[PDB]
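A.B. asks: quick one, fold the following:
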Amino acid sequence: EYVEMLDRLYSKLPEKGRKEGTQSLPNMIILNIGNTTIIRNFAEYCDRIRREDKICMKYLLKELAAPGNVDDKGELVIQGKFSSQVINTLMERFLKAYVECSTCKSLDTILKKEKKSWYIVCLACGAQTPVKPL
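C.D. replies: Numbering: from 1, shown residues only. Below is the structure in question.
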């Protein structure tokens with residue numbers, strides 16, 4: 001519950017090295033004002049769909065059958081199918097993990113995509129990247 005808030009290297013500021021921030025909890029809800037998807041808590045939101053920059057950005061291109069506008073009054077309006085679905089569906093398994101897999105005794109092991117350099121990092125699994133052969 002106690003989300004340590006330092007802002008120092010959570011996202012946004014391209015000063016990568018010490019600290020990897022933290023994601024889950026604070027205002028994780030887009031506003032959709034007609035195909036226009038205005039991302040309020042964008043700093044969190046980017047690393048709620050995906051921390052891995054490239055695939056995160058690629059998803060917000062591929063899911064956009066519409067010309068993706070960037071930014072309004074400071075807050076990040078994008079134009080396409082990145083409006084309260086997608087990222088929020090992903091945070092339903094990410095942020096809402098404990099209820100998405102409703103407390104399976106202690107071990108909620110059915111989270112994130114166990115493929116192509118993504119996988120799940122600890123928590124549900126004893127070791128990060130539980131790829132494995134059959």
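
A.B. asks: most centrally placed residue in this structure?
C.D. replies: Nearest to the geometric centre of the chain sits residue 48, at 1.3 Å (Cα atoms, centre = their mean).

A.B. asks: so who does it touch?
C.D. replies: Applying Cβ atoms under 8 Å, 6 or more residues apart in numbering, we find residue 48 in contact with 23, 24, 28, 87, 90, 91, 94, 95. C-beta coordinates here come from the backbone N, C-alpha and C atoms, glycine included.

A.B. asks: how about residue 1?
C.D. replies: residue 25.

A.B. asks: from residue 64, how far out is the residue lying closest to residue 8 once chain neighbours are set aside?
C.D. replies: In space, residue 8 comes closest to residue 19 once its chain neighbours are excluded; the distance is 5.8 Å by Cβ to Cβ, 6 or more residues apart in numbering. Going from residue 19 to residue 64 by Cβ to Cβ, to the nearest Å gives 31 Å.

A.B. asks: looking at those two, which is more packed in?
C.D. replies: residue 64 (17 against 13; other Cβ atoms under 10 Å).

A.B. asks: where does residue 54 land in three-state SS?
C.D. replies: helix (DSSP: H, G, I helix; E, B strand; the rest coil).

A.B. asks: can you get me a residue count around it?
C.D. replies: Other residues near residue 54 come to 8 when the count uses other Cβ under 10 Å.

A.B. asks: do the same with the one 4 residues further on
C.D. replies: Counted with other Cβ under 10 Å, the neighbours of residue 58 add up to 12.

A.B. asks: what of the one 3 residues further on?
C.D. replies: Applying other Cβ under 10 Å, we find 10 residues neighbouring residue 61.

A.B. asks: that one is in what secondary structure piece?
C.D. replies: Using DSSP states H and E, residue 61 falls within helix 53-62.

A.B. asks: ditto for residue 78
C.D. replies: Here residue 78 is assigned to strand 76-79, by DSSP H and E.

A.B. asks: which residues are contacting that strand?
C.D. replies: Applying Cβ under 8 Å, 6+ apart, the contact partners of strand 76-79 are 35-39, 42, 60, 64, 66-71.

A.B. asks: sheet partners, orientation included, of it?
C.D. replies: Strand 76-79 sits in its sheet next to strand 36-39 (antiparallel), going by DSSP bridges.
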